[PDB]
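Enquirer: Residue numbers (my numbering), protein chains in the order written: chain W, 3 to 113; chain D, 209 to 277; chain U, 115 to 193; chain C, 116 to 230; chain H, 54 to 270; chain P, 2 to 51.
From the three backbone atoms N, C-alpha and C, an ideal C-beta is built for every residue, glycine too.
Okay, here's the structure, questions in a sec.
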Amino acid sequence: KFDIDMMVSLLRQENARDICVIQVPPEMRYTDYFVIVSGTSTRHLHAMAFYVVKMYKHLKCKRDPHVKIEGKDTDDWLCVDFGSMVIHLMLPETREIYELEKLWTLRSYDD
Amino acid sequence: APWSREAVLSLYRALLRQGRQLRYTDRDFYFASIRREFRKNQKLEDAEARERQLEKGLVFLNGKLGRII
Amino acid sequence: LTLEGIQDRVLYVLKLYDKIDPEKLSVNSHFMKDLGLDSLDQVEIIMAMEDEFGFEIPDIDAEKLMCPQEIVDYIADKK
Amino acid sequence: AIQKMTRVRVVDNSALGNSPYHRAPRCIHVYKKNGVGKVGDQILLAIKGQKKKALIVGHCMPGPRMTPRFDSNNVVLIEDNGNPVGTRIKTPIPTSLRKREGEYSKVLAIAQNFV
Amino acid sequence: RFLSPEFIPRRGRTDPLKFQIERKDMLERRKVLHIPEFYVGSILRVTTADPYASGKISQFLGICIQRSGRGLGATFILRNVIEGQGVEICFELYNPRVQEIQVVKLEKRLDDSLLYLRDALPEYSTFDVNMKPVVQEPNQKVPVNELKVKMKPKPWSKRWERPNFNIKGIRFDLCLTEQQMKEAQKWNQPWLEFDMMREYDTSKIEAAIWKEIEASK
Amino acid sequence: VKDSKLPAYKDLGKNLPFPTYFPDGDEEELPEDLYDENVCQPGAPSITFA
Ligand SMILES: [Mg+2]
């Protein structure tokens, strides 16, 4: 079955430098788990996306719709969204430019 | 200047100690971000925004709008 | 529990901290003037003191120490 | 109906936009075979004497039933490679962007409010 | 004795059997969701299921500006202003996604179609999302709020001062000069209220509709 | 009204009652409303997407 645990273990075992997962309350709309992770080079981020969708495809979700990788044309920010958890691979620079963690922990205002 | 010169200390203590109890995120980068959350803006600024920034720190601690796990 | 061992280990873990300049980290090392640290630095240092041994000292108490030897005595006689 | 020659108000905090300029942003092209553009249809804007890709996130034209009907033709500036130029969004954006395929995941990771 | 407008059918030639099946299915939907009593102008909070999420619940609070349609599809429009942006949503009552409908403030205004709020100043349509209900006495007539409104200046979206709209909830004496109320009154049609043959007499229809609704219990 | 003649539904005339439906066959008499597998029929709990 799918849960944040296995994908986080995937990322850590894949040697992804930084991980930060924020759980979104159901009072919001988008999702439940919202993950921001880093990587070395654009090809390494592409590899992380590769492996994550590979396991998501060979594990389960024959009932559930398939998941596309969004951002391939870009090089410094890639992202995936699943039925209930969404992941954002980012180079450290753009990751610290879009101060996402502050937003997803402090929804009620802007930064 | 702040709502209370010692309240920030308690907030920082609670932030660090609750961050000790993470299950997924790395503790190192969480600690670094927590350091940044006060270091870059909560030094010598005016006495008006102090209330708002203490409020945002404390509501991040509360976490009715997402708990960092 | 050995008091000499206790002070030795707290000194050791303090040495592990990277930013501190190993100039005067004495048994009575002051922070504001001797080293130049501030409230955030000392609260982090005490939390680090609560990283291997301790975990029982309430946060409120730690603000009245502000000196390493009092911290050593407190953590030695509290357990 | 965000078609060619329609004024759209950029709502993204617009590091580029949001600054005074005697013109107002206009759509010069819609990336759909027909001209009409609906939610999620990414268009091209003439803003501050420059050409920049856009992304529609609300329009006054009634849509289906359970989706919002704003009162201003709202647009988010997006860089060519899909990255949003801004870093925030304040005006509400509909939850009808998690639907039909497109470059929408990033634009939801940057907003703060929904309807 | 208030019969929600949906069950009253448009004048036409459709076969009564259609309306009977329509009402049967509707009433069979009213027993899983309480469709409250709300007039145009009331304030509602609608709770629905997000289809594009994984089973999340969405709440939206607004003013019912228009109530139209009939049969199993009829709808109502909720207008509100969020963060200074004026949004509307058209909700279908009998849709199997609306979880519940709280009448947060049951009111009733001078005009049966509050569309002009798209032109009134932004504060005549703003409401707080997290606002609590207000009680009302059971054996009390629905209150008739009297709030005339003040308009955005020049380009009204639908030219409201015409007689054919018959709007009575706008402050015309302020935004329109006395002269403009003489050109906008040559379209009066004094013969339209006295046309005896345009009157849809729906007493004998609402009676049988009540027989059906009560018997469906 | 007649069966679909398009060349993707030539089969699936099997499970239908072949010559016609005779109500007098008396084969587990049919209820008042027959529903497709994927209709949110009335009287059912409001749908949820979890
Ligand atoms: Mg118009």
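Cβ of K211 (chain H) versus every heavy atom of ligand 1: is any distance shorter than 8 Å?
Expert: Flag set: Cβ of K211 (chain H) near ligand 1.
Enquirer: Does chain P have any CB closer than 9 Å to the CB of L86 (chain H)?
Expert: Closer than 9 Å: yes.
Enquirer: Around the Cβ of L170 (chain H), are there at least 16 other Cβ atoms within 10 angstroms (buried) or fewer (exposed)?
Expert: Classification for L170 (chain H): buried.
Enquirer: Using the three-state DSSP reduction, which class does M184 (chain H) fall into: helix, strand or coil?
Expert: Coil at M184 (chain H), not helix or strand.
Enquirer: Could I get the ranges of all uninterrupted beta strand (DSSP E) runs contained in the region 14 to 80 of chain W, with 3 residues as the minimum, in chain order?
Expert: The region 14 to 80 of chain W contains these whole beta strand (DSSP E) runs: 21 to 25, 35 to 39.
Enquirer: Apply the 10 Å Cβ neighbour rule to residue 14 (chain H) and answer buried if 16 or more other Cβ atoms are within range, or exposed otherwise.
Expert: What is shown of chain H runs 54 to 270, which leaves residue 14 (chain H) out entirely.
Enquirer: Consider the Cβ of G173 (chain C): report whether some Cβ of chain H lies at a distance smaller than 9 Å.
Expert: Yes, its Cβ sits closer than 9 Å to a Cβ of chain H.
Enquirer: Under 6 Å Cβ to Cβ from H60 (chain W), same chain only, skipping five residues before and after it: list those, please.
Expert: Taken in chain order, the list of residues that qualify is empty.
Enquirer: Could you tell me the boundaries of the alpha helix (DSSP H) in which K166 (chain C) lies?
Expert: Careful: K166 (chain C) lies outside any alpha helix (DSSP H), inside the beta strand (DSSP E) at 165 to 173.
Enquirer: Between C:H137, C:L160, C:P209, C:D186, which has its C-alpha nearest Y146 (chain C)'s C-alpha?
Expert: Out of C:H137, C:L160, C:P209, C:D186, C:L160 has the C-alpha closest to the C-alpha of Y146 (chain C).
Enquirer: Distance, Cα to Cα, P210 (chain D) vs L223 (chain D)?
Expert: Rounded to the nearest angstrom, the two C-alpha atoms are 18 Å apart.
Enquirer: Counting Cβ pairs closer than 8 Å, one from the region 227 to 238 of chain H and one from the region 197 to 214 of chain H, do we hit at least three?
Expert: Yes: the two stretches touch, three or more of their Cβ pairs being nearer than 8 Å.
Enquirer: Using the Cα positions of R97 (chain W) and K104 (chain W), report the straight-line distance between them to the nearest angstrom.
Expert: Roughly 12 Å between the two C-alpha positions.
Enquirer: What number of angstroms, rounded off, separates the C-alpha of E38 (chain P) from the C-alpha of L125 (chain H)?
Expert: Each residue's Cα considered, the two are about 20 Å apart.
Enquirer: Mind reading off the beta-carbon distance from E72 (chain W) to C81 (chain W)? Whole number of angstroms is fine, and I expect it under 8 Å.
Expert: So it is a contact: roughly 5 Å between Cβ atoms.
Enquirer: Find the residues of chain D that neighbour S153 (chain U), judging by a C-beta separation of less than 7 Å, and give them in chain order.
Expert: The contacting residues are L217.
Enquirer: For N228 (chain C) and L114 (chain H), what's the separation of their Cα atoms in angstroms?
Expert: If I take the Cα positions, the gap works out to 15 Å.
Enquirer: What are the start and end residues of the beta strand (DSSP E) that includes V157 (chain H)?
Expert: Segment 151 to 158, the beta strand (DSSP E) holding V157 (chain H).
Enquirer: Using the C-alpha atoms, what's the distance from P24 (chain P) back to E30 (chain P)?
Expert: Their backbone Cα atoms lie some 8 Å apart in a straight line.
Enquirer: If we define contact as Cβ-Cβ less than 9 Å, is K161 (chain H) a contact residue for chain W?
Expert: Closer than 9 Å: no.
Enquirer: Looking at C-beta atoms only, is the number of pairs between the region 189 to 201 of chain H and the region 128 to 148 of chain H that lie closer than 8 Å three or more?
Expert: The region 189 to 201 of chain H, when compared against the region 128 to 148 of chain H, does not touch it at the 8 Å Cβ threshold.
Enquirer: From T206 (chain C) to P199 (chain C), what does the alpha carbon distance come to, in whole angstroms?
Expert: If you take the alpha carbons of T206 (chain C) and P199 (chain C), they lie about 15 Å apart.
Enquirer: Determine the extent of the alpha helix (DSSP H) in which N270 (chain D) is found, giving its start and end residues.
Expert: 257 to 270 is the span of the alpha helix (DSSP H), which, as asked, contains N270 (chain D).
Enquirer: Using the beta-carbon of each residue, which ones in chain D are nearer than 7 Å to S86 (chain W)?
Expert: Per Cβ cutoff of 7 Å: no residues; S86 (chain W) is ~15 Å from chain D at best.
Enquirer: Per DSSP, what kind of secondary structure is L70 (chain H) in: helix, strand or coil?
Expert: The answer is helix: DSSP assigns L70 (chain H) an H, G or I state.
Enquirer: With DSSP as the reference, identify every bridge partner of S111 (chain H), one or two as the case may be.
Expert: For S111 (chain H), which the question treats as bridged, DSSP gives the partners H:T101.
Enquirer: Residues of chain E with a CB under 8 Å from the CB of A106 (chain H): which are they?
Expert: Among the chains of the structure shown, chain E does not appear; the protein chains present are W, D, U, C, H and P.
Enquirer: Using a Cβ-Cβ cut-off of less than 8 Å, give me the residues of the region 94 to 119 of chain H that come near chain W, in sequence order.
Expert: For the region 94 to 119 of chain H, which is checked against every Cβ of chain W, the residues closer than 8 Å are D103, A106, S107, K109, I110, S111.
Enquirer: Since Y177 (chain H) contacts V157 (chain H) with CB under 8 Å, what's their CB separation in whole angstroms?
Expert: So it is not a contact: roughly 17 Å between Cβ atoms.
Enquirer: Would you list the residues sitting across from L192 (chain C) in a DSSP beta bridge?
Expert: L192 (chain C) pairs with C:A169.
Enquirer: Quick one, which residues of the region 160 to 184 of chain U are near chain D if we go by CB-CB under 7 Å, in chain order?
Expert: The region 160 to 184 of chain U vs chain D, Cβ under 7 Å: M161, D173, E177.
Enquirer: Can you find a CB in chain H that lies within less than 9 Å of the CB of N133 (chain C)?
Expert: Not closer than 9 Å to any Cβ of chain H, the Cβ of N133 (chain C) fails to qualify, so no.
Enquirer: For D66 (chain W), which residues from the same chain have a beta carbon less than 6 Å from its beta carbon, with the 5 sequence-adjacent residues on both sides left out?
Expert: For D66 (chain W), where only same-chain residues beyond five positions count, the Cβ hits under 6 Å are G85.
Enquirer: Kindly list the residues whose CB is nearer than 7 Å to the CB of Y253 (chain H), restricted to its own chain and excluding five residues on each side of it in sequence; keep chain order.
Expert: Excluding sequence neighbours, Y253 (chain H) sits near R64.
Enquirer: Where do the N-terminal and C-terminal ends of the beta strand (DSSP E) with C143 (chain H) fall, by residue?
Expert: Element bounds for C143 (chain H): 138 to 145.
Enquirer: Measuring straight from C-alpha to C-alpha, what distance separates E170 (chain U) and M8 (chain W)?
Expert: Each residue's alpha carbon lies about 34 Å from the other.
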